[PDB]
Structures are given as C-alpha cells and as structure tokens.
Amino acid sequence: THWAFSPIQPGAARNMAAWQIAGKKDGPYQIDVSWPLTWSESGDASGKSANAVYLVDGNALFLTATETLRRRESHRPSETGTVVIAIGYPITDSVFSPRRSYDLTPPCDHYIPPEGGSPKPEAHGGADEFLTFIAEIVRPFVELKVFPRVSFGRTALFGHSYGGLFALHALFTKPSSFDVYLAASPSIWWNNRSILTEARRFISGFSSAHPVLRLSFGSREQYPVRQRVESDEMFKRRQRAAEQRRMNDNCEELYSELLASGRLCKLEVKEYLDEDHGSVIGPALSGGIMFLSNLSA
C-alpha cells in the first residue's frame, strides 16, 4: 500500500480568522471569528443571512462554539448560519487572561474584593468600557468590514463566571445590546451581590427591548464533591468558596425574580447535574448554542 502522510492546511481550522486590536493601555485584544462551512474561505455567504454569537473569555470558548454550530449546521442545512465572534486576549500558554477581571466586572460606587481565604484584590470596573468596545468597535468591524453583504438577524452574548456577570450587567443596563443573553454560572456573588441592585433597577424601569436570557449552573458548584485525588484541606477550601458564592441558589433566585417581573420575552434556567464550575463550560456553551438556534423557528 502506497501510504502517504501529506501535511495539509487548514484542516479543521477552516473558515476562521483572527485580528489583534491595539489601542488600550492594558494591551491589545484578540478577536477570533468563524463562519459557516458552506460559505467561502474569504467569508462570502452568496447572499445568505446570518445570526451572530459574541463570546467573552474568547480564547477559552471560540473553538467549542464554532464546532457546536458546525455540527448543527451540518444536520440542519436550511437553518440560518451563525458567525462566532470571540473577544479575548493575545495569550499563548493558557486560554484565560488575568485581564478578564477588569474587563468583565461593572463599575460600582463601593467595592469589596473577592476571597482568596484572605482578601484577593484584582483590577475591576471596566465592564462599561468593554461593552462599549464590543458594541462600537468589534461589532461594526465584523458587520461592516468582514461581512458587509450579510444581513445579521439575531445577536447573542455568552459569558461564563465573570463572563456571566458581564452578560447580566449588559442585560440590566443596556438590554438592547444583544437579542439573547447567555449567562453561564454567573458570578452573582461578586462584590456583595452588586448585580442584584442592577437587576432590581431593570425589573423596576428600556421601553423598546425584548431580551431573552438563559441562566445556567453546574449542580456541584454550590455542593462540591471530593475528587479521587484531592487533599482534605484543598476540598474544604472548595467547600468554603462554594458556600460563600452560593452559585445554585443565587441563579435560581435571580431566575425566580426575573420570571415574576415578566420583563423578559423568554427566560430559562438549567442546572447541569454533576458538573462543577469548570466542567459545566462545555455543556452550558453547547446548550446555549442550541437554545439560540431553537429560537429561529
């Protein structure tokens, strides 16, 4: 047999591109963009329309969102294709950046740092700047420069942890920013639950906005399970953090408050059984993508 191992490009990294966006003091951003496989490698959709999903912590979520959509688009070729826009950082040894703490937390009149369990201060309060950046710089670049011949129908924002907090902040203060908000394991605990002040202002008061929200969390986030290889004290640290952060109950209570207000067009909460803060990312992102695609019909 004439076996040949021939290097090829792009392989599975098809119909994706990346840009650095330089200007901010903190350093450049990295945007990763992917588009449907039926479109050309130059991004030509041949007159087709699209939806779009914007991801914060872009480096950690881009590929999962891309592939989830490509599986579904393969099964359902008549469905509207979705462009993925991941907003992240020029990082090489990891998929998370410490810069996320500033970018994803909203500015507040008073600040209480997170617990390490000593106080663990980090940069904070840049969410309004970041949201402006996405809406006024990134989004128009994608729509007007990258895909000028594509009519964009539905837009979504997904974030996990501080990303979920960011998604909630966007919903409560600028509800027309996106059509759909996907807040996965949102850090509702953050800064003595300051996001609930914004939630209640949103519940009270934005006339022309009909937002959709999907909340999610892993069942183990508030109720951790000791791993096979884990020391007693390291497990007890996780128990401490879990009880303070109150992920499961904070999500369910926020869901209940928002549901009772009737201010959302559609609202859903999903508990992912047996998933923890890290392991829930894949299922919650996949689930958010499916939730988004199911809104089309």
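Position 1 is the first residue in the sequence shown; the rest follow in order.
Unmodelled residues of the deposited sequence between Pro121 and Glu122: none, the chain being continuous. Per the record, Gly205 and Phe206 are separated by 1 to 3 deposited residues that have no coordinates.
The stretch with the higher mean CA B factor, choosing between 5-13 and 282-290, is 5-13. Taking the PDB entry as given, 89-97 carries the higher mean Cα B factor of the two stretches 89-97 and 165-173. Of the candidates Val146, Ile134, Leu215, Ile112, the PDB record gives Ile112 the highest C-alpha temperature factor. Residues shown: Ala65, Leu264, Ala50, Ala60. Highest C-alpha temperature factor in the entry: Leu264. Looking at the C-alpha B-factors along this chain, the one for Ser34 belongs to the lowest third. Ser185 sits in the lowest third of its chain by CA B factor, as recorded in the PDB entry. In the PDB entry, a CA B factor belonging to the highest third of its chain's modelled residues is recorded for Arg76. Per-chain ranking of the deposited C-alpha B factor places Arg70 in the lowest third. Per the PDB record, residue ranking by Cα B-factor puts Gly126 in the middle third of the chain.
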